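A quick write-up on the structure given underneath.
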Ligand SMILES: Nc1ncnc2c1ncn2[C@@H]1O[C@H](COP(=O)(O)OP(=O)(O)O)[C@@H](O)[C@H]1O
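Protein chains in written order, with this note's numbering: chain A, 1 to 459; chain B, 460 to 918; chain C, 919 to 965; chain D, 966 to 1565; chain E, 1566 to 1719; chain F, 1720 to 1738.
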């Protein structure tokens, strides 16, 4: 451990935006944490993002409003932000800084883990080969979720992505025909959103297995880029040291991206798109890739990094860079919501990069993959038919086109529409798939081999 | 004779990318040359970019890898890179810095010339007139090339601009009623292309009059900044002192422009559009304008530089600044290439400034100018008709529009399409032109005087 | 497909605005043609 | 022999008291001895690019100056192993630290020094013999698939003074002793080569042999060659990683070097799990795939600086095997992540950026990387022939093929396998656009195709014309509503759909589409084109008669043929071999010809 | 009497060429002669200003041009007009200036086109589509203007 | 904008060094 006394400085050189620059610092350490007291007794903290000679640049989390130049007192802890972690954090509510806000005590640590974490050795990483039953046909059928998979929900302001995430928390099981520890990072949200989840977790009777981290809209914007790391760091303790299956949900990741963009502008870093740092991808990977199973240990971490798409722009850097890192997305839209369809999940622009291994013989039912692929073909074609019919009129369509409009209409109301408390099994979902596929003659089901049609289609 | 011993310095200040900064230098000369000896004995050269006091910034041509800041020895030549030139440089292959790569000896310095160029007095410049018969109907018919012209070929990546340039080289000649020497500067050219041209010159028996300067894509990127100046310096010796006619081919001014950008950025200069130095215009003008004829000489230099257009546009600073300097272009398109048309040259955005004077009675045919204009207008209209057809349908066109559509299709098939191993004369090209013009009734050929129509049209 | 695929530029911005105005005028003029035909159609169907 | 750290800005560390340090020398920064490489020299201060996380590094930490540049260890023990971005074996780290995390500052030999290799000399050398760079003076049997040739390193030569007899030797022993001018050199099985320097070859040759890909499209229409370079600039979800994995699993290359530079960690695990379960018969014996592959993992959440070392380490390994007479087909599944690393470092360096924040020298790095590919005549008296192909992914933001990396890449690579996100959304995999893609090796392979097939080339041409005509029509049909279409156009539109749905797309996670042997691709294409010609003829000869065979007549009359043609993909070449597939395709051709005779 | 300066001449002479030309024009203007000065290009002059502005490391404005580009063009363009000359003879001469803006396109956002339009009284814009149709002279007739109508009405 | 900002900052840094 660190036995040497820490030094306290009153040597602040100057302040520029959110960065407090100190001079005359003895052997500055990069990425060490500094605690500072303002002339009025206010305590704040920050991290050294740069060292040079006797100078060090400290980014203050709470902010730099009121920071003095002569009376400011800073001390260097001598290490990086290592945070206390314990098993009994489940059932506790923390803020974005890692402190309790539930009137309970501080964390009685079992160890201290580096918030930056470590990359998992790809040689010991074990490919996910287990399916989670979300109960939502729009997911379990056409975009299955594996245990250890990274699947954000791409949404837009005003859509019920918070209800879908809440629903998943209660009715997420296994298809092996199980209590997940949930870590919920509520960052950049209003009180009502955070209270919605907290109340739902108590309503579900699962609060003793839920750890919350809150950083609300009225909280500092710099803490909003450590909250995910605090949640995931706890998840790593639980999953990889205590072999507990953990589900980690990160609320609108766009508030993370905006908090990061502000820091990037403040430090004058090289922009990429829309003003975001050119290293945004690397930073997101640091957050996202803290997931998956590890060979030889019985734990797992599953992530659902839900994010709001600015102006429904699917190519915005936030969903774009996420789409490159995560194993696909669920993606909801306004076209379904504006018709009172719940869940408003649009399968066409969605995918699950692990689905090919989590379904089929020995996992669910051998026709699973075939049903999904044909449903995708029929759904997309029905959308193509509407795009045509909007101009040419119904009279310009033939029987080959009307079948896809019948499929599309029955598909959305039978397959996607369920309701907040409709919990379907994966087997029921496939049976529904067939009921829609039986709208077409065998010859048109061109994504399914005759070795499958001959067995399932007649029923 | 500069019989003064050279100074060698170890007073290296630092190395930053392609730039080496020296200090304590006695009376630095601007644009001087420094020979660098690396600690391991490797010898390299560079040219001074700026001097100030006792400091100088040296541009290292072969690269800076391996240079330290303690032992590297810097020998100042005391002069400007004046390059050895000889009339017997033909039948030789040199690398990007003018050194033998063909297992031959170092060129014997028949004389030296300053590669920076010696400006030619516009009063003594002789206006070009004689037409070069390239064999390509898109050029000999419409955008003809005069001897001494400056007509680069624009293209985007993947288009057959190397085949067109090679075809022009072996089919080059004058309109008859003896041949060219080739100076070929390869800048950032891949090995597959390098052997393409080298083999074509050998197979056609041209090597007796070809001098190659090869700076390949895998060679140093700073060296190629002088490569084009070394090529033209030799062309100027051969054309203006040895009374030869020289055709100069520059394989890519875009890789050259990138090399300038790398240096410009390295010295933290204020950029203009898309990050390129604000002086790109001058750096190009000093190369492109090394062309034409001079009073008292019988030789000439004709330039046909090639430029890859980033993103398939023609507003990129590189082709934009070139267009302002050179006397038209060929502009190889992509829409013609995708349709298996060769040469895929688009006649509308491409012009030849000297065409109006290098044709007509006494040079080609009385009607040359009239045929060109009428064909151009017919093609332009056909494209506007095609643009309409794509919206209104083939059933919404009048009889005249159909004539232009028929012209458009037959024009590209019979006139533009040629093949790489067939040459057609200017008179054969015009006869084909007439075959296309005779699609229209005489009343619609509004850009040809009635006297011209009556002489040729009914034939 | 989704875009006309003209490289971003101030020139392209100007062209697209002129192209949009043309398309909007065509829409309105053809809509008026349809309305005139519809009235007569309803006139002739009434007859 | 040490400097001292002056400052840290992240992946870039500034050090002082390094007056004698050269560019691109390795250094050990910090008390954990982190691996880095010198980028800039400013007086006696050096700018260091550090390939490991710099958190915890203090000002004043020692910096060891190492004279050797960033280099790769080349010798037996590479194949079947997985390396990190600087050639530290992950199976050896995990076997020694017992951890699941990769520690920082790990100093592990690239190639194990405990393995006793089976070594046989060439039996053609004697003491006093003159040996030159690239010569092979023995072979090590790494496994049953790849014979590991022990070469004299380039820039070394002399007379042989001792050659190890056949026997069991490890990588720390002396196999060959040679002398040049008094100076004697002792060589083991492992040579060291700077990773940023191109290994020398006798001659770079044209590529005149296909690089077989287990895909119908990406082969029949847009061939790649041994030694060629291609790019796959797909948007997320387009399936470019699957195309890369498919090529790795099922190709005619001898060695695959797979570089995961910024890739998701789960993808590298998928290879390690799945590949051992694949088979490739050698000489009547079933063997695993991993014995002929090697892979490098530098995942997205690893140090960003290491992304540059990973790319160059991979290609350096590829050249090593190229020199031994093997055909190598490396694939780096990112490219954009490497250019991204260059941007991030350039930012920390405060360099003047060029297009979209990228360094001005981006094009220089890509050009020199891709030009190391190619079919070559190797250096070395034994006259080997090898190749390195590069199949590199690119990740344009938003799928917009306008970024400096996609743009620069397209100016370098000779094969363009463009992917269309709108095809992936429809699960039309592989999501190849087939309108913007091209291959510049068509002419090079025309000789091959005529020699072995002949029928393929006119089929390739007709298929492209049909797809282009469908696009030309689709543009106007969207506006007309299929009202003005001629009967000859309706056939084109429907056959083009037939080609699109049954020929261009295939499900790579099935027993029948996981690999598509070339003879099957050309076989089923011949039938589809034969239908086109017969159906088009049927209407052309009857349209002016007293009964025109419109689409509705042929469609109802030959509905069984159209279904059979669509079923042609479901042939399972492993269960049903060549004989049954060719006989089956011949039967469909006979069925079509007989139906037409009864129709017309 | 013409002044010859090619694109491969030094940027400083490229800038000064316009000033040399107009100096000769005013010289003869003061003789009572009617002088007509033709420019080949003012975009090349503006290009020289952009190149030098960069080399001097002074803060640029739109598209890399100096913020004072408009001042340089106004200074040149306003050195013209019918005048009463100095000197006892009471002679009266004139200078006409015909500028020439090379069009990167028909978008008048072009800093040089825009600055010129704010100064010049007559603008003879050349239409791209009429040029493509080989209709000569190619004049738009819709975007052009001349502000001397009322002056010439007399 | 980004490049111009860094240019202005580099000019300020150069000026300070000269004093
Ligand atoms: N060729 C293919 N055959 C079958 N499925 C494919 C194919 N390509 C992609 N897919 C499916 O789509 C997903 C997306 O492919 P992936 O390689 O992960 O995308 P990316 O382009 O982002 O690398 C795969 O995980 C798989 O489910």
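All C-beta atoms in this analysis are idealised placements derived from N, C-alpha and C, irrespective of residue type, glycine included.
Check, Outcome
"What are the boundary residues of the beta strand (DSSP E) that residue 631 of chain B is part of?", "Counting along the chain, residue 631 of chain B falls outside any beta strand (DSSP E), and DSSP gives it neither H nor E."
"Measure the alpha-carbon distance for residue 742 of chain B versus residue 1571 of chain E and round it to whole angstroms.", "13 Å"
"Could I get the ranges of all uninterrupted beta strand (DSSP E) runs contained in the segment 374 to 417 of chain A, with 3 residues as the minimum, in chain order?", "none"
"State yes or no: is the C-beta of residue 621 of chain B nearer than 7 Å to some heavy atom of ligand 1?", "no"
"Mind listing which residues of the segment 1392 to 1414 of chain D have their C-beta closer than 8 Å to chain A's C-betas, in chain order?", "1392"
"Who are the neighbours of residue 985 of chain D on chain B, taking C-beta pairs under 9 Å?", "498, 527, 528, 529 and 530"
"Does the Cβ-Cβ distance between residue 1399 of chain D and residue 1177 of chain D come in under 8 Å?", "no"
"Around the C-beta of residue 343 of chain A, are 16 or more other C-beta atoms found within 10 angstroms, so that it is buried, or is it exposed?", "buried"
"Is residue 1731 of chain F close to chain D? Criterion is C-beta to C-beta, closer than 8 Å.", "no"
"Spatial neighbours of residue 1199 of chain D within its chain, please: C-beta separation below 6 Å, excluding the five flanking residues on both sides.", "1205 and 1384"
"Return yes when the C-beta of residue 1182 of chain D is under 7 Å from any heavy atom of ligand 1, and no when it is not.", "no"
"Are the segment 1350 to 1365 of chain D and the segment 1391 to 1405 of chain D touching by the rule of at least three beta carbon pairs closer than 8 Å?", "no"
"Between residue 1648 of chain E and chain B, is there a C-beta pair that is closer than 8 Å?", "no"
"Taking residue 373 of chain A as the query, report the chain D residues whose CB atoms sit under 8 Å from its CB, ordered along the chain.", "1392 and 1472"
"Do we get a CB-CB distance below 8 Å when we pair residue 1632 of chain E with the residues of chain B?", "no"
"Does the beta carbon of residue 1208 of chain D fall short of 7 Å from some heavy atom of ligand 1?", "yes"
"Which residue wins for smallest C-alpha separation from residue 625 of chain B, given the options B/636, B/652, B/603 and B/608?", "B/652"
"Under 7 Å: does the beta carbon of residue 1395 of chain D sit that close to some heavy atom of ligand 1?", "yes"
"What number of angstroms, rounded off, separates the C-alpha of residue 1515 of chain D from the C-alpha of residue 1551 of chain D?", "26 Å"
"With 8 Å as the threshold, decide whether the Cβ of residue 1629 of chain E is near any Cβ in chain C.", "no"
"Do residue 507 of chain B and residue 516 of chain B count as a contact pair if the criterion is CB distance below 8 Å?", "yes"
"Indicate whether at least one CB of chain B lies closer than 8 Å to the CB of residue 927 of chain C.", "yes"
"So if DSSP puts residue 95 of chain A in a beta bridge, which residue, or which two residues, is it bridged to?", "A/214"
"What does DSSP give as the partner residues of residue 999 of chain D in its beta bridges?", "D/994"
"For residue 1 of chain A, count the other beta carbons within 10 Å of its own beta carbon; 16 or more makes it buried, fewer makes it exposed. Which is it?", "exposed"
"So what does residue 752 of chain B bridge to, in DSSP terms?", "B/585"
"Decide yes or no for the touch test of the segment 625 to 643 of chain B against the segment 694 to 708 of chain B: beta carbon pairs closer than 8 Å, at least 3 of them.", "yes"
"Please report the distance separating the alpha-carbon of residue 197 of chain A from that of residue 1674 of chain E.", "52 Å"
"On the DSSP bridge list, what partners appear for residue 1297 of chain D?", "D/1224"
"In chain order, what residues of the segment 764 to 783 of chain B put their CB closer than 7 Å to some CB of chain D?", "767, 769 and 770"
"Judging by CA-CA distance, which residue of D/1331, D/1440 and D/1301 is the nearest neighbour of residue 852 of chain B?", "D/1440"
"Under 8 Å Cβ-Cβ, which residues of chain B neighbour residue 1676 of chain E?", "By Cβ distance, chain B contributes nothing, its closest Cβ being about 12 Å from residue 1676 of chain E, past 8 Å."
"Excluding the 5 residues preceding and the 5 following residue 186 of chain A in the sequence, name in chain order all residues of the same chain whose CB lies nearer than 8 Å to its CB.", "193, 194, 197, 212, 213, 214, 215, 216 and 251"
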